[PDB]
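**Q** mmCIF, N, CA and C atoms, file upload-v1.cif:
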data_model
#
loop_
_atom_site.label_atom_id
_atom_site.label_comp_id
_atom_site.auth_asym_id
_atom_site.auth_seq_id
_atom_site.Cartn_x
_atom_site.Cartn_y
_atom_site.Cartn_z
N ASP E 1 21.84 10.86 -4.57
CA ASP E 1 20.92 11.46 -3.61
C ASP E 1 19.87 10.43 -3.18
N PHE E 2 19.70 10.29 -1.88
CA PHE E 2 18.77 9.30 -1.34
C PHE E 2 17.33 9.74 -1.57
N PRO E 3 16.47 8.89 -2.11
CA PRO E 3 15.11 9.33 -2.44
C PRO E 3 14.24 9.47 -1.19
N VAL E 4 13.31 10.41 -1.25
CA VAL E 4 12.47 10.75 -0.11
C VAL E 4 11.04 10.98 -0.59
N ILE E 5 10.08 10.28 0.04
CA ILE E 5 8.66 10.43 -0.27
C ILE E 5 8.10 11.63 0.47
N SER E 6 7.24 12.38 -0.20
CA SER E 6 6.48 13.42 0.50
C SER E 6 5.37 12.76 1.32
N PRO E 7 5.24 13.08 2.60
CA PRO E 7 4.19 12.45 3.40
C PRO E 7 2.83 12.61 2.75
N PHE E 8 1.98 11.61 2.93
CA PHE E 8 0.61 11.66 2.43
C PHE E 8 -0.33 11.31 3.57
N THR E 9 -1.59 11.72 3.41
CA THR E 9 -2.63 11.43 4.39
C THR E 9 -3.94 11.16 3.67
N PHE E 10 -4.73 10.24 4.21
CA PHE E 10 -6.07 10.01 3.72
C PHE E 10 -6.97 11.15 4.20
N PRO E 11 -8.09 11.38 3.52
CA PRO E 11 -9.04 12.39 4.01
C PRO E 11 -9.58 12.00 5.38
N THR E 12 -10.06 13.01 6.10
CA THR E 12 -10.38 12.82 7.51
C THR E 12 -11.84 12.47 7.77
N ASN E 13 -12.71 12.55 6.77
CA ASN E 13 -14.13 12.34 6.98
C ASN E 13 -14.68 11.34 5.97
N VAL E 14 -13.93 10.27 5.71
CA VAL E 14 -14.33 9.31 4.69
C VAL E 14 -15.55 8.53 5.17
N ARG E 15 -16.56 8.44 4.32
CA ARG E 15 -17.77 7.68 4.60
C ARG E 15 -17.88 6.49 3.65
N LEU E 16 -18.66 5.50 4.07
CA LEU E 16 -18.89 4.31 3.27
C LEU E 16 -19.35 4.68 1.87
N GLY E 17 -18.79 3.98 0.88
CA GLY E 17 -19.20 4.15 -0.50
C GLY E 17 -18.48 5.24 -1.25
N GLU E 18 -17.68 6.05 -0.58
CA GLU E 18 -16.94 7.08 -1.26
C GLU E 18 -15.73 6.48 -1.98
N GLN E 19 -15.14 7.27 -2.86
CA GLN E 19 -13.88 6.94 -3.51
C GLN E 19 -12.76 7.69 -2.80
N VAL E 20 -11.61 7.04 -2.66
CA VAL E 20 -10.43 7.60 -2.00
C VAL E 20 -9.24 7.41 -2.93
N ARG E 21 -8.51 8.49 -3.20
CA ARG E 21 -7.29 8.44 -3.98
C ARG E 21 -6.20 9.17 -3.21
N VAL E 22 -5.05 8.51 -3.02
CA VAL E 22 -3.89 9.14 -2.40
C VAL E 22 -2.70 8.96 -3.33
N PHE E 23 -1.71 9.84 -3.17
CA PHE E 23 -0.57 9.90 -4.08
C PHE E 23 0.72 9.86 -3.31
N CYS E 24 1.59 8.95 -3.73
CA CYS E 24 2.95 8.77 -3.23
C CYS E 24 3.90 9.41 -4.24
N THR E 25 4.46 10.58 -3.90
CA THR E 25 5.29 11.32 -4.84
C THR E 25 6.65 11.57 -4.21
N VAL E 26 7.66 11.59 -5.07
CA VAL E 26 9.05 11.71 -4.67
C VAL E 26 9.46 13.17 -4.75
N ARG E 27 9.93 13.71 -3.63
CA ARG E 27 10.39 15.09 -3.61
C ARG E 27 11.89 15.23 -3.85
N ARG E 28 12.70 14.27 -3.42
CA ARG E 28 14.13 14.24 -3.70
C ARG E 28 14.50 12.87 -4.21
N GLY E 29 15.42 12.82 -5.17
CA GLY E 29 15.90 11.56 -5.71
C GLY E 29 15.63 11.44 -7.20
N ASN E 30 16.39 10.61 -7.89
CA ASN E 30 16.27 10.61 -9.33
C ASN E 30 15.62 9.35 -9.85
N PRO E 31 14.71 9.48 -10.81
CA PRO E 31 14.10 8.31 -11.44
C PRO E 31 15.14 7.54 -12.25
N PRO E 32 14.84 6.30 -12.63
CA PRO E 32 13.56 5.60 -12.45
C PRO E 32 13.37 4.99 -11.07
N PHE E 33 12.13 5.05 -10.59
CA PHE E 33 11.74 4.47 -9.32
C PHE E 33 10.83 3.28 -9.53
N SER E 34 10.91 2.33 -8.60
CA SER E 34 9.83 1.39 -8.36
C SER E 34 8.91 1.97 -7.29
N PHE E 35 7.60 1.81 -7.48
CA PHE E 35 6.60 2.18 -6.50
C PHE E 35 5.85 0.92 -6.10
N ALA E 36 5.67 0.71 -4.80
CA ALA E 36 4.92 -0.44 -4.32
C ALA E 36 4.04 0.00 -3.17
N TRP E 37 2.80 -0.47 -3.17
CA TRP E 37 1.86 -0.19 -2.10
C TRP E 37 1.57 -1.46 -1.32
N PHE E 38 1.38 -1.30 -0.01
CA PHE E 38 1.11 -2.41 0.89
C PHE E 38 -0.03 -2.00 1.81
N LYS E 39 -0.90 -2.95 2.14
CA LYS E 39 -1.85 -2.75 3.21
C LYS E 39 -1.41 -3.64 4.36
N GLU E 40 -1.06 -3.02 5.48
CA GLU E 40 -0.30 -3.72 6.49
C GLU E 40 0.93 -4.29 5.78
N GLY E 41 0.93 -5.59 5.47
CA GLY E 41 2.09 -6.20 4.85
C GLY E 41 1.91 -6.84 3.48
N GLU E 42 0.70 -6.83 2.93
CA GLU E 42 0.44 -7.45 1.64
C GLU E 42 0.55 -6.44 0.50
N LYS E 43 1.21 -6.84 -0.58
CA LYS E 43 1.35 -6.00 -1.76
C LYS E 43 0.01 -5.80 -2.45
N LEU E 44 -0.32 -4.55 -2.74
CA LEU E 44 -1.56 -4.21 -3.43
C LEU E 44 -1.32 -4.01 -4.92
N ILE E 45 -2.22 -4.56 -5.74
CA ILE E 45 -2.18 -4.34 -7.17
C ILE E 45 -3.58 -4.08 -7.68
N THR E 46 -3.65 -3.50 -8.87
CA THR E 46 -4.93 -3.17 -9.46
C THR E 46 -5.80 -4.42 -9.59
N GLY E 47 -7.04 -4.29 -9.17
CA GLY E 47 -7.99 -5.38 -9.17
C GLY E 47 -9.08 -5.11 -8.16
N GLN E 48 -10.20 -5.81 -8.33
CA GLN E 48 -11.36 -5.58 -7.47
C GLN E 48 -11.71 -4.10 -7.54
N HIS E 49 -11.75 -3.44 -6.39
CA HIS E 49 -12.07 -2.03 -6.29
C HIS E 49 -10.85 -1.15 -6.15
N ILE E 50 -9.65 -1.70 -6.32
CA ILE E 50 -8.40 -1.00 -6.07
C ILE E 50 -7.68 -0.72 -7.37
N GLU E 51 -7.05 0.44 -7.44
CA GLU E 51 -6.24 0.88 -8.57
C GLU E 51 -4.88 1.27 -8.02
N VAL E 52 -3.81 0.73 -8.59
CA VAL E 52 -2.45 1.16 -8.28
C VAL E 52 -1.79 1.50 -9.60
N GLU E 53 -1.35 2.75 -9.75
CA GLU E 53 -1.01 3.28 -11.06
C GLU E 53 0.12 4.28 -10.93
N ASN E 54 1.12 4.15 -11.79
CA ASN E 54 2.13 5.19 -11.89
C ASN E 54 1.51 6.36 -12.66
N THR E 55 1.48 7.53 -12.03
CA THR E 55 0.90 8.77 -12.52
C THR E 55 1.91 9.57 -13.34
N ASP E 56 3.15 9.62 -12.88
CA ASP E 56 4.26 10.22 -13.62
C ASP E 56 5.51 9.54 -13.10
N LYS E 57 6.67 9.98 -13.58
CA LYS E 57 7.91 9.30 -13.22
C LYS E 57 8.24 9.43 -11.75
N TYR E 58 7.54 10.31 -11.02
CA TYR E 58 7.81 10.56 -9.62
C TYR E 58 6.66 10.17 -8.71
N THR E 59 5.59 9.59 -9.24
CA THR E 59 4.36 9.48 -8.48
C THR E 59 3.62 8.19 -8.74
N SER E 60 3.09 7.60 -7.67
CA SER E 60 2.17 6.47 -7.75
C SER E 60 0.86 6.79 -7.04
N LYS E 61 -0.25 6.43 -7.66
CA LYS E 61 -1.58 6.61 -7.09
C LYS E 61 -2.12 5.29 -6.56
N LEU E 62 -2.71 5.35 -5.37
CA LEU E 62 -3.57 4.31 -4.84
C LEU E 62 -5.01 4.83 -4.85
N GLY E 63 -5.89 4.13 -5.55
CA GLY E 63 -7.30 4.45 -5.56
C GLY E 63 -8.12 3.31 -5.02
N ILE E 64 -9.10 3.64 -4.17
CA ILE E 64 -9.99 2.68 -3.54
C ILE E 64 -11.42 3.13 -3.80
N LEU E 65 -12.18 2.34 -4.54
CA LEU E 65 -13.55 2.70 -4.87
C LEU E 65 -14.53 2.02 -3.92
N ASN E 66 -15.67 2.67 -3.71
CA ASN E 66 -16.76 2.13 -2.90
C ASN E 66 -16.25 1.62 -1.56
N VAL E 67 -15.59 2.52 -0.83
CA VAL E 67 -14.87 2.11 0.37
C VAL E 67 -15.81 1.46 1.38
N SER E 68 -15.29 0.47 2.08
CA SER E 68 -16.02 -0.30 3.06
C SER E 68 -15.22 -0.33 4.35
N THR E 69 -15.83 -0.87 5.41
CA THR E 69 -15.09 -1.01 6.66
C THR E 69 -13.90 -1.94 6.49
N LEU E 70 -13.97 -2.86 5.52
CA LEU E 70 -12.86 -3.76 5.24
C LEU E 70 -11.63 -3.02 4.74
N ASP E 71 -11.79 -1.77 4.28
CA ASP E 71 -10.68 -1.00 3.76
C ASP E 71 -9.96 -0.20 4.84
N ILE E 72 -10.51 -0.16 6.06
CA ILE E 72 -9.81 0.50 7.15
C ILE E 72 -8.46 -0.17 7.37
N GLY E 73 -7.43 0.63 7.56
CA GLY E 73 -6.13 0.08 7.87
C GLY E 73 -5.00 1.01 7.49
N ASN E 74 -3.79 0.49 7.68
CA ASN E 74 -2.57 1.21 7.39
C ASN E 74 -2.08 0.87 6.00
N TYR E 75 -1.80 1.91 5.21
CA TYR E 75 -1.33 1.77 3.85
C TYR E 75 0.06 2.37 3.74
N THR E 76 0.97 1.62 3.12
CA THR E 76 2.36 2.03 3.01
C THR E 76 2.76 2.06 1.55
N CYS E 77 3.43 3.13 1.15
CA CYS E 77 4.08 3.22 -0.14
C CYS E 77 5.58 3.12 0.05
N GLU E 78 6.23 2.26 -0.73
CA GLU E 78 7.68 2.13 -0.74
C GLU E 78 8.18 2.54 -2.11
N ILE E 79 9.16 3.44 -2.14
CA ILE E 79 9.80 3.84 -3.39
C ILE E 79 11.26 3.40 -3.34
N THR E 80 11.75 2.90 -4.47
CA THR E 80 13.11 2.40 -4.56
C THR E 80 13.72 2.86 -5.87
N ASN E 81 14.94 3.38 -5.82
CA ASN E 81 15.70 3.59 -7.05
C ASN E 81 17.09 2.98 -6.86
N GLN E 82 17.98 3.19 -7.82
CA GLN E 82 19.30 2.58 -7.75
C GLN E 82 20.10 3.05 -6.54
N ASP E 83 19.70 4.15 -5.90
CA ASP E 83 20.47 4.73 -4.81
C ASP E 83 19.93 4.43 -3.42
N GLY E 84 18.68 3.99 -3.30
CA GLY E 84 18.16 3.68 -1.98
C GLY E 84 16.65 3.53 -2.01
N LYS E 85 16.06 3.57 -0.82
CA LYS E 85 14.64 3.32 -0.65
C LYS E 85 14.08 4.25 0.41
N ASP E 86 12.78 4.51 0.32
CA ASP E 86 12.07 5.21 1.36
C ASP E 86 10.66 4.63 1.45
N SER E 87 10.00 4.91 2.57
CA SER E 87 8.68 4.37 2.87
C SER E 87 7.87 5.44 3.59
N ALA E 88 6.58 5.54 3.24
CA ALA E 88 5.66 6.44 3.91
C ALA E 88 4.35 5.69 4.16
N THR E 89 3.71 6.00 5.29
CA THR E 89 2.48 5.34 5.67
C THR E 89 1.43 6.36 6.07
N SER E 90 0.18 5.90 6.05
CA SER E 90 -0.92 6.67 6.62
C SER E 90 -2.07 5.70 6.84
N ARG E 91 -2.96 6.06 7.76
CA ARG E 91 -4.07 5.20 8.13
C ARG E 91 -5.37 5.72 7.52
N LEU E 92 -6.12 4.81 6.89
CA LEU E 92 -7.45 5.11 6.37
C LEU E 92 -8.49 4.72 7.41
N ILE E 93 -9.30 5.69 7.82
CA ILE E 93 -10.41 5.50 8.74
C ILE E 93 -11.69 5.82 7.98
N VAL E 94 -12.71 4.99 8.17
CA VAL E 94 -13.95 5.11 7.41
C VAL E 94 -15.12 5.25 8.38
N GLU E 95 -16.06 6.12 8.02
CA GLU E 95 -17.32 6.28 8.75
C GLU E 95 -17.08 6.78 10.17
#
Starting from the file, lay out its structure as structure tokens.

**A**
Amino acid sequence: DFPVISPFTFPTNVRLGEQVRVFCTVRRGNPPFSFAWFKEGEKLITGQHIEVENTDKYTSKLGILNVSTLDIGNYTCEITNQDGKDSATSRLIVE
């Protein structure tokens, strides 16, 4: 079965300095999965103000603390298992 991400969206009224957490979760498909987050095209990993964390076998969290205008942009989660891949995106707008 080909894996499929449940669409995600950032909150709609994000202001400077808030924390933002979004979740990339698999609705169809069997683990184990790889989860990868990208901002535009660069791979994101835990560090600075960012957290990228597997929450359960079906889910990856992206957390962004003390959000700034520099955090505005398109964020993509890619999930991959032995049977295929899927990708979901959403745009973070601040202030």

**Q** Expand the PyMOL selection byres ((chain E and resi 67) around 8) into the individual residues it matches in the shown file, reporting them as an NGL selection string.

**A** :E and (15-20 or 49 or 64-66 or 68-72 or 94)

**Q** Got time to write the residues from that selection, N, CA and C atoms, as a PDB file, in the coordinates of the input?

**A**
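Resulting contents of out-v5.pdb:
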ATOM      1  N   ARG E  15     -16.560   8.440   4.320  1.00  0.00           N
ATOM      2  CA  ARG E  15     -17.770   7.680   4.600  1.00  0.00           C
ATOM      3  C   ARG E  15     -17.880   6.490   3.650  1.00  0.00           C
ATOM      4  N   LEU E  16     -18.660   5.500   4.070  1.00  0.00           N
ATOM      5  CA  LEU E  16     -18.890   4.310   3.270  1.00  0.00           C
ATOM      6  C   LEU E  16     -19.350   4.680   1.870  1.00  0.00           C
ATOM      7  N   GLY E  17     -18.790   3.980   0.880  1.00  0.00           N
ATOM      8  CA  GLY E  17     -19.200   4.150  -0.500  1.00  0.00           C
ATOM      9  C   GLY E  17     -18.480   5.240  -1.250  1.00  0.00           C
ATOM     10  N   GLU E  18     -17.680   6.050  -0.580  1.00  0.00           N
ATOM     11  CA  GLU E  18     -16.940   7.080  -1.260  1.00  0.00           C
ATOM     12  C   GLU E  18     -15.730   6.480  -1.980  1.00  0.00           C
ATOM     13  N   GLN E  19     -15.140   7.270  -2.860  1.00  0.00           N
ATOM     14  CA  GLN E  19     -13.880   6.940  -3.510  1.00  0.00           C
ATOM     15  C   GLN E  19     -12.760   7.690  -2.800  1.00  0.00           C
ATOM     16  N   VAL E  20     -11.610   7.040  -2.660  1.00  0.00           N
ATOM     17  CA  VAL E  20     -10.430   7.600  -2.000  1.00  0.00           C
ATOM     18  C   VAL E  20      -9.240   7.410  -2.930  1.00  0.00           C
ATOM     19  N   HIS E  49     -11.750  -3.440  -6.390  1.00  0.00           N
ATOM     20  CA  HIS E  49     -12.070  -2.030  -6.290  1.00  0.00           C
ATOM     21  C   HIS E  49     -10.850  -1.150  -6.150  1.00  0.00           C
ATOM     22  N   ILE E  64      -9.100   3.640  -4.170  1.00  0.00           N
ATOM     23  CA  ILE E  64      -9.990   2.680  -3.540  1.00  0.00           C
ATOM     24  C   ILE E  64     -11.420   3.130  -3.800  1.00  0.00           C
ATOM     25  N   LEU E  65     -12.180   2.340  -4.540  1.00  0.00           N
ATOM     26  CA  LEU E  65     -13.550   2.700  -4.870  1.00  0.00           C
ATOM     27  C   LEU E  65     -14.530   2.020  -3.920  1.00  0.00           C
ATOM     28  N   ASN E  66     -15.670   2.670  -3.710  1.00  0.00           N
ATOM     29  CA  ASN E  66     -16.760   2.130  -2.900  1.00  0.00           C
ATOM     30  C   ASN E  66     -16.250   1.620  -1.560  1.00  0.00           C
ATOM     31  N   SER E  68     -15.290   0.470   2.080  1.00  0.00           N
ATOM     32  CA  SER E  68     -16.020  -0.300   3.060  1.00  0.00           C
ATOM     33  C   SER E  68     -15.220  -0.330   4.350  1.00  0.00           C
ATOM     34  N   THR E  69     -15.830  -0.870   5.410  1.00  0.00           N
ATOM     35  CA  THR E  69     -15.090  -1.010   6.660  1.00  0.00           C
ATOM     36  C   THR E  69     -13.900  -1.940   6.490  1.00  0.00           C
ATOM     37  N   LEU E  70     -13.970  -2.860   5.520  1.00  0.00           N
ATOM     38  CA  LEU E  70     -12.860  -3.760   5.240  1.00  0.00           C
ATOM     39  C   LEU E  70     -11.630  -3.020   4.740  1.00  0.00           C
ATOM     40  N   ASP E  71     -11.790  -1.770   4.280  1.00  0.00           N
ATOM     41  CA  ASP E  71     -10.680  -1.000   3.760  1.00  0.00           C
ATOM     42  C   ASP E  71      -9.960  -0.200   4.840  1.00  0.00           C
ATOM     43  N   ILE E  72     -10.510  -0.160   6.060  1.00  0.00           N
ATOM     44  CA  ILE E  72      -9.810   0.500   7.150  1.00  0.00           C
ATOM     45  C   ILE E  72      -8.460  -0.170   7.370  1.00  0.00           C
ATOM     46  N   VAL E  94     -12.710   4.990   8.170  1.00  0.00           N
ATOM     47  CA  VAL E  94     -13.950   5.110   7.410  1.00  0.00           C
ATOM     48  C   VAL E  94     -15.120   5.250   8.380  1.00  0.00           C
TER      49      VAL E  94
END

**Q** Rank nothing, just name the residue among E:93, E:88, E:45, E:79 nearest to residue E:3, using only C-alpha atoms.

**A**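 Checking each of E:93, E:88, E:45, E:79 against residue E:3, counting only C-alpha atoms, the winner is E:79.
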
**Q** Would you pick out the contacts of stretch 83-87 of chain E at 7 Å or less, using all atoms listed in the file, so that residues sharing its chain but fewer than 6 positions from it are not included, and give the list as a list in words?

**A**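 Contacts, with the query itself left out: residues 1, 2, 3, 4, 5, 76 and 77 of chain E.
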
**Q** E:29, E:63, E:91, E:10: which is nearest residue E:44, counting only C-alpha atoms?

**A**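 Among the listed residues, E:63 lies closest to residue E:44.
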
**Q** Give the strand (DSSP E or B) residues of chain E, as DSSP finds them on the backbone, and put them as a PyMOL selection string.

**A** chain E and resi 4-5+20-28+34-39+42-44+47+50-56+59-64+73-81+84-92

**Q** Using only N, CA and C atoms, give me every residue within 7 Å of (3.9, 7.5, -7.0) in file coordinates, as a ChimeraX atom specification.

**A** /E:23-26,35,53-61

**Q** Step by step, gather every atom of stretch 67-77 of chain E that the file lists, find the box along x, y and z that holds them, add 8 Å on each side, and finally give centre and edge lengths in Å to one decimal, as AutoDock Vina command-line options.

**A**
--center_x -5.2 --center_y -0.3 --center_z 3.5 --size_x 37.6 --size_y 23.0 --size_z 24.7

**Q** Around the point (11.6, 4.1, -6.3), in the coordinates given by the file, pick out the residues reaching within 6 Å, counting all atoms listed in the file, and return them as a VMD selection string.

**A** chain E and resid 32 to 35 78 to 81

**Q** Convert the current residue selection to file output with N, CA and C atoms, as a PDB file, keeping the file's coordinate frame.

**A**
ATOM      1  N   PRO E  32      14.840   6.300 -12.630  1.00  0.00           N
ATOM      2  CA  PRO E  32      13.560   5.600 -12.450  1.00  0.00           C
ATOM      3  C   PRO E  32      13.370   4.990 -11.070  1.00  0.00           C
ATOM      4  N   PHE E  33      12.130   5.050 -10.590  1.00  0.00           N
ATOM      5  CA  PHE E  33      11.740   4.470  -9.320  1.00  0.00           C
ATOM      6  C   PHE E  33      10.830   3.280  -9.530  1.00  0.00           C
ATOM      7  N   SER E  34      10.910   2.330  -8.600  1.00  0.00           N
ATOM      8  CA  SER E  34       9.830   1.390  -8.360  1.00  0.00           C
ATOM      9  C   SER E  34       8.910   1.970  -7.290  1.00  0.00           C
ATOM     10  N   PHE E  35       7.600   1.810  -7.480  1.00  0.00           N
ATOM     11  CA  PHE E  35       6.600   2.180  -6.500  1.00  0.00           C
ATOM     12  C   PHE E  35       5.850   0.920  -6.100  1.00  0.00           C
ATOM     13  N   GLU E  78       6.230   2.260  -0.730  1.00  0.00           N
ATOM     14  CA  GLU E  78       7.680   2.130  -0.740  1.00  0.00           C
ATOM     15  C   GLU E  78       8.180   2.540  -2.110  1.00  0.00           C
ATOM     16  N   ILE E  79       9.160   3.440  -2.140  1.00  0.00           N
ATOM     17  CA  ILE E  79       9.800   3.840  -3.390  1.00  0.00           C
ATOM     18  C   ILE E  79      11.260   3.400  -3.340  1.00  0.00           C
ATOM     19  N   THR E  80      11.750   2.900  -4.470  1.00  0.00           N
ATOM     20  CA  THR E  80      13.110   2.400  -4.560  1.00  0.00           C
ATOM     21  C   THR E  80      13.720   2.860  -5.870  1.00  0.00           C
ATOM     22  N   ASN E  81      14.940   3.380  -5.820  1.00  0.00           N
ATOM     23  CA  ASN E  81      15.700   3.590  -7.050  1.00  0.00           C
ATOM     24  C   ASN E  81      17.090   2.980  -6.860  1.00  0.00           C
TER      25      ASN E  81
END

**Q** For a test of reading the model, state the distance in Å between atom C of residue E:9 and atom C of residue E:48, rounded to one decimal.

**A** 20.5 Å

**Q** Could you check how far atom C of residue E:6 sits from atom C of residue E:51, in Å to one decimal?

**A**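 Atom C of residue E:6 sits 18.0 Å away from atom C of residue E:51.
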
**Q** Atom CA of residue E:92 and atom CA of residue E:21 are how many Å apart?

**A** 10.9 Å

**Q** Pick from E:90, E:30, E:7, E:47: nearest to residue E:73, with only C-alpha atoms counted?

**A**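 Closest to residue E:73, using only C-alpha atoms: E:90.
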
**Q** Have a look at E:89, E:50, E:41, E:27 and name the one nearest to residue E:8; count all atoms listed in the file.

**A**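 Closest residue, counting all atoms listed in the file: E:89.
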